[PDB]
Structure formats: C-alpha cells, structure tokens
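*Asks:* Dumping the structure here so I can ask a few things about it.
None of the figures in this text is laboratory data; all of them are computed from the coordinates on show. We place every Cβ from the backbone using ideal geometry, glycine too, and count neighbours over all the protein chains shown.
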Amino acid sequence: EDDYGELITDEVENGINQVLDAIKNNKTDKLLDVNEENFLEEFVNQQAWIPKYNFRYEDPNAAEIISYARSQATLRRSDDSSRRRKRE
Amino acid sequence: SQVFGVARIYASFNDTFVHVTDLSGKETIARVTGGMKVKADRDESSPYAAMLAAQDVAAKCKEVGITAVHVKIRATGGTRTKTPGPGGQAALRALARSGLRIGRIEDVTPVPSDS
Amino acid sequence: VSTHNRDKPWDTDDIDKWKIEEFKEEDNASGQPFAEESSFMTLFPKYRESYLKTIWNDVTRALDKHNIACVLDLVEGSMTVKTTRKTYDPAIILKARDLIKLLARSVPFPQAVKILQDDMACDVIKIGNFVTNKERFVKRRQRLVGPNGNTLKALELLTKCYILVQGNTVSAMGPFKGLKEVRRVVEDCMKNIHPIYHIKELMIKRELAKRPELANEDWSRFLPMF
Amino acid sequence: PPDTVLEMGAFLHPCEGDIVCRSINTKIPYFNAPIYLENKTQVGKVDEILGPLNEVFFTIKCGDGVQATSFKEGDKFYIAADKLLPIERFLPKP
Amino acid sequence: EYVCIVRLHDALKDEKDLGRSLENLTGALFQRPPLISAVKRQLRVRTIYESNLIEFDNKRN
RNA sequence: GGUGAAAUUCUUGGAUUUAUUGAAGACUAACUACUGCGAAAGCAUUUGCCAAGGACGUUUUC
C-alpha cells in the first residue's frame, strides 16, 4: 500500500511542473501542440500530502475521524439473536 | 374526472428521460429525451432541455388526456451514483408548471447489496 | 458519432440553460394538492441520536418553511419526511429525503440545511465494501483526510464542495461536477490510487480550463497519465 | 440518571400522542416526574393521573423524538423511586 | 348532580365502551382541577356516587 | 453511451427506456461500527444441525 506518491515520482513532478510553466507562459506553439492559490502552492511544493460552516476544514478538529462505541444505552429496540434464544 | 398515467423520469448526470406510460406499464403513451430538446451533448444534462422535454411530454399527455401523473424518479443506480441528475428536478417542476396533478412520489433507484 | 440525429434550431445559445427558475404556490396550474401522500424513511446510527434530539425542532422549522411534515421516532430509530396538503413543490420531498440522509450521515445541520436550496446537491459514497481488511480500510480512509486535513481542504479546493468522511460513508454537498469529481477521487482512493494523483490531475485540468485554446483541444496529451 | 427504577406502568392506549398506562405499582407518582425504560432511558414525563382507587391509570406526555405508536401492549415503563407518594396521603384525614 | 354532554374526537368501535368506562369511573376518583378553576391544581380524591348514560350517538359523537 | 470538451461502439432491423417470463453467476442495501468476535485471513437474510471458544467466578493429581 503506497502512501507517499510512489507513481508520481520526482521526475514526473518535474515534468508536470514544466508542462504547467509552459501552459502559464501561454505560448502559441505550446498551445497548438488569505488566498487559496497560495495554500495550494504551499501544499504542492512542500509535499503536504506526504505525512511527517462553509467547509469542513474551517471547523476545528477536522483532521481527526471521530470514533464511537459499538454499544450505547438507547431507546432503540434490539432484536435478540437466535443464539441467545437457543441458549435460553 | 381523473386520468392516471405514470410518468417515469430518468435523472442521470448525462441526460434526462421523461416517459409517460399507462398504469399497468404495458402500454407507453410517450417518451422524450434530453438530447431530443438540445443538439449539444453537454446540453443534455442542462435543466432547460429537461424542462422542454417535460413540456413536450405534458403536451402529449394532454393530447392523450392524462390529467394526473404518478412520478417515479430513477437515478443511475447500480455501481454508479444514486444522486438524481440536475434535470430531473427541473423536469418535475416543469410537469408541475404544465398543470397536471402530481400523484405519489417514490424513488425507484436500484441499490445493490454489494459489488 | 451521433448517427441519425435530427437538428435542433429551436435551441438558442444566448439562453442560459444552466439558469434555474424559482417556484411559487401559484406555479402549478392544477390548483389541487397531491392525490396520495408520499413519505421517505431513513435510519440513523445510534451515536447521532442525542444530537438529533437537540436539533429536530429546528429541522422542523426549516421544513415548516417548505410545508413538509417530519417525524423522528427513536424506537424504530427512523426519520420520515412526508408531503402535506399545503405542499406545492413536487421536488421538495426529494430534497427533504436528501436532508434526512445527510443528517443521518453526520453532516451538521447548519451545513445540511442548504440542501433545500435548488442549486445544492448531495452524494453519499459507500466505502465499506471496497476492501475487507480493517487496517487497509482505515489507512485508505486516512489518505482522504491526510495530515491536518490539508489534502481534504485541497479536495474542497478541487470541487468547492463540503466533504465529510464518517465511518463507511463520504458525504459531499455541492455542484454536480464537483460531486462527480469527488466520487472519482473517493472510489479511486478506496481502490488504493492515491488522492494526490487525482488532485494534481484536477489542478492541471483547471489550468487547462483557464485557457480556451487548451479547453478546445484534448487535455489528455498535456496532462500526465494516471 | 436515576440510581434505581421501579415498575410504574403498563402500556394501554397511545391516544393523542400520549401514553396511557395501567399503574402496576401501588403508589402515586409525582406530576411531571420523568418516566424511564429499564435501561434507565427517559421516554417522557407524567402528564395526568386518573382512574378509580382500585384501578389507577396515568398518562405520560412523551418527550420529543418519541412517538406513541412505536410501543406495543405489555410494555413496561419505569420511574425513579423518589418520585412516588403514598396513596393514603391523598385520602381524607380521619 | 349534573347532566353532561361529552364530545368524543373519534367514533368508538362499539357503543358499550362508553357505558363500561362510565361505570368504571363511578366511585372514588383521582382528579386535578383545571387551569380555569381559581383553586390550586392538586391531586384530590373525589367521589362520584352514581352515573347513568342517558344517550350516546356515534354519528353525532 | 461517456467526457472538461471529446472520442470508440449500439441501432428506425427498435439503439435507449418501461413491463413480464426463463436461465446463470454473485451479494445480503440502511441499522454499521479503527471500542464486538477471530491467532491471522476475515466476519450481520430466515430456519435448523455440528464442533470449538472469549471475558468472570470456584478451583486444579497441576
């Protein structure tokens, strides 16, 4: 289970950056052939994907996935399993 | 004084279908597609083409005399998404605008158990 | 290859097909309500229960704006939305079904209430059936969030959609194109294709969409294969 | 949450969104006392006490999120033991 | 001694249910005064000595 | 049909959609879950049959 951008290598990243620079240059031959942009550039350049109510990330603790108990006291009707009836 | 004919609507992300059919389902009154209203392939997902197709289907039903229509909305289903398309709501509201009564509204989107 | 396709001169390019008209009580020319009452029922997990206990009246108030009855029964553990006689909009019951599904899938109510708008649309993606192993499932679910939520924010910047990853479901609220893109990202992430692989492709697609000349041509030559 | 609960009532009628119960226990509950299920989960508050001395009934006003049609015959409803009063208190003094 | 007309919200399944309930509540009873009454609302035991169902109509309820 | 736009394919012989019948393989939608179970693999339709366990207590030809 690759989780550090295995297929997207450094050479592939450099090629994608060169293609992006060629697109930003708006060359005719290339065409024929705070700020969210700053945050995206910081995420891309510093490899933020690699590990070390408008939106979810605005709320605090958006990183943690909240886990819950498998048993709760509640008003919900619970049907007994056939195994428990057989034991009884 | 009330004529019931089920109007089955296909609300996909790519296009929309309207299909006026008898209550038994054996005999179909009329059919119309999003691509029939608009020549562009990208405009098949557009709400305006779905509204035009719904208006044409409602005119055909009024010619057939269908006073009220039961509606069954059915998404892409299966392994694909279950969200109804943009044009389904617009065509349902267009059928409301046409003056036909709206009967029972149920969802017939197919869901698999797994895989 | 649209073979045997007839022309459509009645279509106008000046008309905005993406525009959505509002609805009113006098919009329907029938003048009569729905013949049969239509209801939609969903279940919710037990851990949501108490939160629903504190929000439901407010939820009712929202449905009071759209003349839709609602009921929440804890013993069945179900929430049902029903159309009323004063209801005049046929799709608002579907939007209420979307609302109760989003509320069951742990989307908070200040965010979930916006599904009643015509523009918004929701998609709930099931991720429990992709991989059977628990550790691999947890790891691939953490790939979507990443460290400190950052790539998740990038996914928001990819789609302009509210994305919430809870348990076995990913809930996405936003425009239809963003819904399809995040569906692609979530399914490919559960099939162990990394989220940044699609994030970079979406960034390149946005840069290609910036130029109309590149938008006219195929993006597959410029974009890297994945 | 209550420390202990006692068998207060048995389900009889769901009328008008409130639970009618035969009083199994031999003492009279407080007005607006919380009614629980045996997992000590609050279902509603006592709304009305009625019926003759030999057969006492009480009506529970259900809390929000609880529906009266969800229950069935033979169900039991529980109350904290502090919320009870002797029957001879309401009887006339000698 | 009163003569009272009771209005039922829904029709009974059988007519003798009202008579059975009327003879059920004959005797000592637990009552709380309504909010309209000027006295304080407290649970008291009051005796209904006799009762008799003069008439009952399901259609008129 | 699908795409950002596309494109390959299917067909006025009926593509697509809807309704029914027959056959085949697969799965058990919501509740549902990194707090349950299992050594791992993995595991929720009903009904039975079979074998074995986990935690607790009493202990052991220990």
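*Asks:* Within the range A:55-68, identify whether any single residue is within 16 Å of RNA strand F (Cβ to nearest atom), over 30 Å from C:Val113 (Cβ atoms) and surrounded by 13 or more Cβ atoms within 10 Å (Cβ to Cβ), and answer yes or no.
*Replies:* Checking the range A:55-68: not a single residue is within 16 Å of RNA strand F (Cβ to nearest atom), over 30 Å from C:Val113 (Cβ atoms) and surrounded by 13 or more Cβ atoms within 10 Å (Cβ to Cβ).
*Asks:* From C:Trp10, C:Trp18, which residue is within 27 Å of B:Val108 (Cα to Cα), surrounded by fewer than 16 Cβ atoms within 10 Å (Cβ to Cβ) and either more than 8 Å from every other protein chain (Cβ to nearest Cβ) or out of contact with any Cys (no Cβ under 9 Å at 6 or more places or on another chain) (or both)?
*Replies:* One residue alone meets the criteria, C:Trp18.
*Asks:* Does D:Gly74 meet the test of being part of a loop (DSSP other than H, G, I, E, B) and surrounded by 16 or more Cβ atoms within 10 Å (Cβ to Cβ)?
*Replies:* no
*Asks:* Suppose the filter is away from chain C (no Cβ under 14 Å) and part of a loop (DSSP other than H, G, I, E, B); does D:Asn32 pass it?
*Replies:* Judged against the criteria, D:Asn32 is a match.
*Asks:* Taking only the range C:56-76 into account, find how many residues are at the interface with another protein chain (Cβ under 7 Å from one of its Cβ atoms) and buried (at least 22 other Cβ atoms within 10 Å of the Cβ).
*Replies:* 2
*Asks:* Please verify whether C:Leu202 is more than 10 Å from RNA strand F (Cβ to nearest atom), in a helix (DSSP H, G or I) and not β-branched (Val, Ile, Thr), treating the condition exactly as stated.
*Replies:* The answer is no for C:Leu202.
*Asks:* From (1) closer than 21 Å to D:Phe31 by Cα; (2) in a loop (DSSP other than H, G, I, E, B), pick out the condition that doesn't hold for E:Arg46.
*Replies:* Unmet condition: (2).
*Asks:* How many residues does the range C:21-39 hold that are more than 7 Å from chain B (Cβ to nearest Cβ) and on the phi < 0 side of the Ramachandran plot?
*Replies:* 8
*Asks:* I'd like the residue in the range D:43-71 that is polar (S, T, N, Q) and buried (at least 16 other Cβ atoms within 10 Å of the Cβ) and, out of all such residues, is farthest from the other protein chains (Cβ to nearest Cβ).
*Replies:* That would be D:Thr59.
Condition check ((1) facing chain C (nearest Cβ under 10 Å); (2) more than 30 Å from C:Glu187 (Cβ to Cβ)) across all residues:
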site	(1), (2)
B:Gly35	yes, no
B:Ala54	no, yes
B:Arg74	no, no
B:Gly85	yes, no
B:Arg93	yes, yes
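*Asks:* Let me ask something else about it. How about the range D:15-29: which of its residues are of a type outside the set (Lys, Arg), out of contact with any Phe, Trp or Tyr (no Cβ under 7 Å at 6 or more places or on another chain) and either within 14 Å of chain A (Cβ to nearest Cβ) or farther than 30 Å from E:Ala11 by Cα (or both)?
*Replies:* Those that are of a type outside the set (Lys, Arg), out of contact with any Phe, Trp or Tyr (no Cβ under 7 Å at 6 or more places or on another chain) and either within 14 Å of chain A (Cβ to nearest Cβ) or farther than 30 Å from E:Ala11 by Cα (or both): D:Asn25, D:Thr26.
*Asks:* So for the range C:179-193 (the condition being out of contact with any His (no Cβ under 6 Å at 6 or more places or on another chain), within 10 Å of chain A (Cβ to nearest Cβ) and either within 11 Å of RNA strand F (Cβ to nearest atom) or of a type outside the set (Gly, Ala, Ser) (or both)), does at least one residue qualify?
*Replies:* Yes.
*Asks:* A further question follows. For the range C:213-226, name all the residues that are near RNA strand F (Cβ under 7 Å from one of its atoms), at the interface with chain A (Cβ under 10 Å from one of its Cβ atoms) and assigned to a loop (DSSP other than H, G, I, E, B).
*Replies:* Within the range C:213-226, just C:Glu217 meets the criteria.
*Asks:* In the range D:28-59, what residues are under 22 Å from C:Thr54 (Cβ atoms) and out of contact with any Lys or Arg (no Cβ under 7 Å at 6 or more places or on another chain)?
*Replies:* D:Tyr36, D:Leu37, D:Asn39, D:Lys40, D:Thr41, D:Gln42, D:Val43 - these are the residues of the range D:28-59 that are under 22 Å from C:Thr54 (Cβ atoms) and out of contact with any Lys or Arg (no Cβ under 7 Å at 6 or more places or on another chain).
*Asks:* Also, I was wondering about something else. Tell me, which helices (runs of 4 or more DSSP H) lie completely within chain A with 2 or more residues that are more than 10 Å from chain C (Cβ to nearest Cβ)?
*Replies:* It comes to A:10-25, A:36-45, A:82-87.
*Asks:* Do you know which of the residues in the range C:108-126 that are aliphatic (A, V, I, L, M) and within 11 Å of the chain's Cα centre (by Cα) is nearest to RNA strand F (Cβ to nearest atom)?
*Replies:* Residue satisfying both the conditions and the ranking: C:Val124.
*Asks:* A further question follows. With respect to B:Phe13, is the statement that it is within 12 Å of another protein chain (Cβ to nearest Cβ), within 30 Å of C:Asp188 (Cα to Cα), within 9 Å of RNA strand F (Cβ to nearest atom) and not in a helix (DSSP H, G or I) true?
*Replies:* So B:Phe13 fits the description; yes.
*Asks:* Next question. For the range C:142-170, name all the residues that are within 11 Å of RNA strand F (Cβ to nearest atom) and within 19 Å of the chain's Cα centre (by Cα).
*Replies:* Correct list: C:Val145, C:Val165, C:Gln166, C:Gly167, C:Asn168, C:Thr169, C:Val170.
*Asks:* Against the conditions (1) near RNA strand F (Cβ under 10 Å from one of its atoms); (2) farther than 16 Å from C:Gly174 by Cα; (3) in contact with a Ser or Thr (Cβ under 7 Å, 6 or more places away or on another chain), where does C:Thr132 fall short? Just the number, please.
*Replies:* Failing condition for C:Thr132: (3).
*Asks:* Being of a type in the set (A, V, I, L, M, F, W, C), closer than 20 Å to D:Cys15 by Cα and facing chain D (nearest Cβ under 9 Å) narrows it down to one residue among E:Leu29, E:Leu25, E:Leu12; which is it?
*Replies:* When all the criteria are applied, what remains is E:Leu25.
*Asks:* Quick check on the range C:35-54. Is at least one of its residues within 23 Å of B:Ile102 (Cβ to Cβ), away from RNA strand F (no atom under 16 Å from the Cβ) and loosely packed, with under 11 Cβ neighbours inside 10 Å?
*Replies:* Looking for residues that are within 23 Å of B:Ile102 (Cβ to Cβ), away from RNA strand F (no atom under 16 Å from the Cβ) and loosely packed, with under 11 Cβ neighbours inside 10 Å, one finds none in the range C:35-54, hence no.
*Asks:* Follow-up. Please verify whether C:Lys210 is facing chain A (nearest Cβ under 9 Å) and either within 14 Å of RNA strand F (Cβ to nearest atom) or of a type outside the set (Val, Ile, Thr) (or both), treating the condition exactly as stated.
*Replies:* yes
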